[PDB]
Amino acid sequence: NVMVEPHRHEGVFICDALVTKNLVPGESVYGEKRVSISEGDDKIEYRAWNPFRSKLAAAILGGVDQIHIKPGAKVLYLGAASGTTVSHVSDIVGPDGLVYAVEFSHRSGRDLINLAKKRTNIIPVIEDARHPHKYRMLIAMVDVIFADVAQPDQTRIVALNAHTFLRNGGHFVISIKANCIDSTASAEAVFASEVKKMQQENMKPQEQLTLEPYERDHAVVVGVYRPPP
């Protein structure tokens, strides 16, 4: 009997509870349940991934086609907060991947620094994502940008970071809380407006979904970056 199965997304697993392979066996990050499966001399531990805390987990359970975050990927994570979702991104990309965790809160930044002490593949970047010139010398070209900055101007922020750091043909995954962009607009109006702006920066959406029942009026947009020569 096989208890934990590879999910369709590489690096993600099931048992429906979503889990990731714990990069730091023995440690929880935010109180999450851990499941360790021993067989002979083999041993593997997984970490439960809460979709009521993590928009990426909510999107995966909601049936997103691609997340692009995968083993070996280099990920620029804008709005890393205290590292809840970042820790699972770190699990997914694994030892040969990289996660830049950009977060401008010094309080949350201390959580990220503690998280990255154990996880060699996390680089904490305690900076304002509006001013990538301040940290551009730290960030190697990445495969994916994940953005959860929850600002009216977050599309322009993500675009600015994409133009600096994202490889041609790399991908983006953007979390959009509608009332953080414009609380006097309908969710549909916000999402249409942000998708339109993305297209104008050669950030081409390939799918979009909302996150019910985990969140209200919250979208994830996944797409591909195809900038001009």
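Here the rigid core means the biggest group of C-alpha atoms that line up within 1.5 Å when the two forms are laid on top of each other. Quick note: we count residues from 1 along the sequence shown, nothing fancier.
Remark: when the other structures in 8 other deposited structures of this protein are fitted onto this one via the rigid core, 146-154 deviates more than the alternative among 146-154 and 86-94, judged by RMS CA distance.
Residue 10 is built in all of the other entries compared, counting only those with both neighbours built, so it is not a gap in a third. In the deposited sequence, the stretch from residue 24 to residue 25 has no residues without coordinates, so the chain runs on without a break. According to the PDB record, 149-157 carries the higher mean C-alpha B-factor of the two stretches 149-157 and 99-107. Per the PDB record, of the two stretches 169-177 and 60-68, 60-68 carries the greater mean B-factor over its C-alpha atoms.
Taking only the listed residues 182, 194, 39, 188, the entry reports the highest CA temperature factor at 39. In this PDB entry, the Cα temperature factor of residue 118 sits in the top third of its chain's modelled residues, the highest group. Remark: residue 9 belongs to the middle third of its chain, ranked by C-alpha B-factor as recorded. In the PDB entry, a CA B factor belonging to the lowest third of its chain's modelled residues is recorded for residue 210.
In this PDB entry, residue 3 carries a Cα temperature factor that places it within the highest third of its chain's modelled residues.
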